[PDB]
Number of protein chains: 2
Amino acid sequence: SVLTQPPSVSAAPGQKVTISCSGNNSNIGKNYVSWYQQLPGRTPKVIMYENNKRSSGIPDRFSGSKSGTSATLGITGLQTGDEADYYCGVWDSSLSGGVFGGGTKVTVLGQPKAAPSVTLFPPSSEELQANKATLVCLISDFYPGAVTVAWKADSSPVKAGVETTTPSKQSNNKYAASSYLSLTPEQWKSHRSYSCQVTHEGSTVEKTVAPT
Amino acid sequence: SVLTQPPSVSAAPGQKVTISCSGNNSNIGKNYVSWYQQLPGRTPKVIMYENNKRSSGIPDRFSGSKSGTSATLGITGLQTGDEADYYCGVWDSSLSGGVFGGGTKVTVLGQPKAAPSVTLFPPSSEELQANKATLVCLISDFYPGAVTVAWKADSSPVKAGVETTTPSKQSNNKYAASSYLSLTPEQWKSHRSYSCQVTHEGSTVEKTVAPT
């Protein structure tokens with residue numbers, strides 16, 4: 001870290017966020033400054049180049065500026081999707097090489113709770129032809145990332161055969177997982193219906209499937 | 001991803017892994033390369049710089065080198081604490097900014113490798129009756145826990161609305177994930193088929209679905 005960047009910025013949804021980048025005359029003062037976004041677990045991507053030029057597909061929210069030996073990144077209308085680390089980059093002329101800042105964690109404070117979207121899928125045609133039956137309860141767009149999944153065959157709770165993936169942080173910093181129930185085609189065709197009940201922050205969402 | 005890295009690399013504890021990072025004369029060829037370690041949950045840290053310089057507290061087991069347009073990070077005496085995601089970074093003298101590799105997942109093999117079980121689910125009847133269409137690619141029973149998923153609309157790759165969850169260990173100790181694709185029921189019916197392609201350890205499998 002040749003460039004000096006604050007360790008973090010926090011703001012409520014819709015608010016304005018500024019990120020400073022402090023350097024000398026050999027780097028920021030002489031050369032083009034670029035900005036990089038890094039979503040957790042993801043590699044850094046360029047979002048701004050040539051001090052204020054926005055990279056392809058980069059939203060209007062994002063704004064970039066250079067003045068003197070200091071660069072700034074402006075995010076107006078902060079969204080939950082902008083929660084990432086931001087780095088500023090410039091070529092150092094003093095020591096002929098590319099330099100970077102320490103980074104800045106951007107937090108959306110007081111984030112609104114998002115109920116999960118729930119899509120239940122019966123065993124596919126191709127699957128049953130292979131004497132295999134799998135039900136998928138796709139659980140998407142929820143926040144925070146914790147869920148309880150319960151299954152039922154008609155009225156009775158299904159204990160075994162259930163697997164629920166650990167909620168993973170999606171593109172929009174919101175979450176997704178999927179619960180799956182592997183049955184024998186004998187077990188599936190026997191019952192009248194199947195249920196997947198998803199509990200998120202105390203509230204339940206239940207969807208139902210039936211054969212054909 | 002401008003620089004190219006293999007997505008997954010593994011070996012038994014005590015063995016050796018190498019991670020290739022391929023670029024051009026303008027990036028890897030001219031400038032100094034760094035390597036990043038992104039530990040599970042934690043913030044990425046630089047472990048290698050100036051092609052072969054190790055950071056503080058980085059053991060002898062980690063070695064970096066660069067020949068031509070490609071850099072390699074080697075790891076010997078592979079141990080569980082090395083399991084992380086690693087990426088390369090270099091300045092691109094033509095683009096006048098930093099370029100990064102897509103990342104590599106390093107796995108210390110603790111059980112037999114397992115090829116994924118792939119189940120493609122078309123949009124359900126209840127869903128299409130609501131003018132919504134969701135394709136779900138259930139990927140389970142695989143080890144190591146890293147997949148690359150590609151979607152095709154007939155044969156042309158789908159470049160939008162694809163979400164892939166992070167693999168999580170299940171009750172069988174093997175990993176599971178799911179890739180989902182959102183389409184308008186017109187997008188589902190305008191194509192002959194949709195396909196989900198799962199890449200795991202250089203082995204690739206294709207699943208296909210068609211309307212009814």
# chains A, B, ... in the order shown; residues from 1 in each chain; ligands from 1
call {"tool": "residues_around", "arguments": {"residues": "stretch 37-48 of chain B", "least_positions_apart": "2", "cutoff": "10 Å", "atoms": "only C-alpha atoms", "output": "ChimeraX atom specification"}}
result
/A:38,40-43,85,105 /B:33-35,50-59,62-65,73,81-89,103-105
call {"tool": "interface_residues", "arguments": {"of": "chain A", "to": "chain B", "cutoff": "7 Å", "atoms": "only C-alpha atoms", "output": "count of residues only"}}
result
15
call {"tool": "atom_distance", "arguments": {"atom1": "atom CA of residue A:72", "atom2": "atom CA of residue B:3"}}
result
27.1 Å
call {"tool": "select_by_dssp", "arguments": {"residues": "chain A", "states": "strand (DSSP E or B)", "output": "number ranges by chain"}}
result
A: 3-4, 8-11, 16-22, 34-38, 45-49, 53-54, 62-67, 70-76, 85-92, 97-101, 104-108, 114, 117-121, 133-143, 148-153, 156-158, 162-164, 168-169, 175-183, 194-200, 203-209
call {"tool": "residues_around", "arguments": {"residues": "residue A:196", "least_positions_apart": "2", "cutoff": "8 Å", "atoms": "only C-alpha atoms", "output": "PyMOL selection string"}}
result
chain A and resi 120+137+149-152+194+198+206-208
call {"tool": "write_last_selection", "arguments": {"atoms": "N, CA and C atoms", "output": "mmCIF file, in the first residue's frame"}}
result
data_model
loop_
_atom_site.group_PDB
_atom_site.id
_atom_site.type_symbol
_atom_site.label_atom_id
_atom_site.label_comp_id
_atom_site.auth_asym_id
_atom_site.auth_seq_id
_atom_site.Cartn_x
_atom_site.Cartn_y
_atom_site.Cartn_z
ATOM 1 N N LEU A 120 -40.356 -24.528 -5.982
ATOM 2 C CA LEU A 120 -40.347 -25.981 -5.757
ATOM 3 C C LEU A 120 -40.508 -26.709 -7.122
ATOM 4 N N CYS A 137 -36.166 -27.476 -3.802
ATOM 5 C CA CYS A 137 -36.758 -26.279 -3.250
ATOM 6 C C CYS A 137 -35.668 -25.246 -3.410
ATOM 7 N N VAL A 149 -35.377 -25.242 6.846
ATOM 8 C CA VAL A 149 -36.160 -25.917 5.825
ATOM 9 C C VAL A 149 -36.780 -27.172 6.390
ATOM 10 N N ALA A 150 -38.102 -27.263 6.273
ATOM 11 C CA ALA A 150 -38.836 -28.444 6.696
ATOM 12 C C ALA A 150 -39.587 -29.019 5.491
ATOM 13 N N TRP A 151 -39.607 -30.349 5.366
ATOM 14 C CA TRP A 151 -40.328 -31.027 4.291
ATOM 15 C C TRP A 151 -41.469 -31.876 4.895
ATOM 16 N N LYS A 152 -42.524 -32.112 4.111
ATOM 17 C CA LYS A 152 -43.689 -32.914 4.473
ATOM 18 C C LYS A 152 -44.111 -33.727 3.267
ATOM 19 N N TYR A 194 -46.367 -33.079 -1.856
ATOM 20 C CA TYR A 194 -45.130 -32.799 -1.127
ATOM 21 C C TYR A 194 -45.014 -31.304 -0.838
ATOM 22 N N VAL A 198 -40.058 -23.052 4.202
ATOM 23 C CA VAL A 198 -38.872 -22.258 4.455
ATOM 24 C C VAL A 198 -39.129 -21.174 5.530
ATOM 25 N N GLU A 206 -44.349 -21.552 2.473
ATOM 26 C CA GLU A 206 -44.537 -22.957 2.137
ATOM 27 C C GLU A 206 -45.037 -23.091 0.701
ATOM 28 N N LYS A 207 -44.431 -24.006 -0.101
ATOM 29 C CA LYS A 207 -44.884 -24.242 -1.467
ATOM 30 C C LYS A 207 -45.188 -25.717 -1.559
ATOM 31 N N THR A 208 -46.047 -26.119 -2.495
ATOM 32 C CA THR A 208 -46.438 -27.512 -2.636
ATOM 33 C C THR A 208 -46.345 -27.996 -4.113
#
call {"tool": "closest_residue", "arguments": {"among": "B:195, B:4, B:184, B:111", "to": "residue B:20", "atoms": "only C-alpha atoms"}}
result
B:4
call {"tool": "atom_distance", "arguments": {"atom1": "atom CA of residue B:202", "atom2": "atom CA of residue B:24"}}
result
23.8 Å
call {"tool": "atom_distance", "arguments": {"atom1": "atom CA of residue A:28", "atom2": "atom CA of residue A:70"}}
result
6.4 Å
call {"tool": "residues_around", "arguments": {"residues": "residue A:185", "least_positions_apart": "6", "cutoff": "7 Å", "atoms": "only C-alpha atoms", "output": "PyMOL selection string"}}
result
chain A and resi 128+131-133
call {"tool": "closest_residue", "arguments": {"among": "B:8, B:129, B:80, B:148", "to": "residue B:109", "atoms": "only C-alpha atoms"}}
result
B:80
call {"tool": "select_by_dssp", "arguments": {"residues": "stretch 163-203 of chain A", "states": "helix (DSSP H, G or I)", "output": "tab-separated table (two decimals) with N, CA and C atoms, in the first residue's frame"}}
result
chain	number	residue	atom	x	y	z
A	185	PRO	N	-39.00	-43.43	-7.10
A	185	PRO	CA	-40.28	-43.12	-7.79
A	185	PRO	C	-41.51	-43.79	-7.15
A	186	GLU	N	-41.28	-44.85	-6.34
A	186	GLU	CA	-42.30	-45.58	-5.59
A	186	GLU	C	-42.83	-44.66	-4.49
A	187	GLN	N	-41.91	-44.00	-3.77
A	187	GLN	CA	-42.18	-43.06	-2.68
A	187	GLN	C	-42.92	-41.79	-3.16
A	188	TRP	N	-42.53	-41.26	-4.33
A	188	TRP	CA	-43.09	-40.04	-4.89
A	188	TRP	C	-44.53	-40.22	-5.38
A	189	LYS	N	-44.78	-41.20	-6.27
A	189	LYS	CA	-46.10	-41.47	-6.85
A	189	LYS	C	-47.15	-41.92	-5.81
A	190	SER	N	-46.70	-42.49	-4.68
A	190	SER	CA	-47.57	-42.98	-3.62
A	190	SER	C	-48.37	-41.87	-2.94
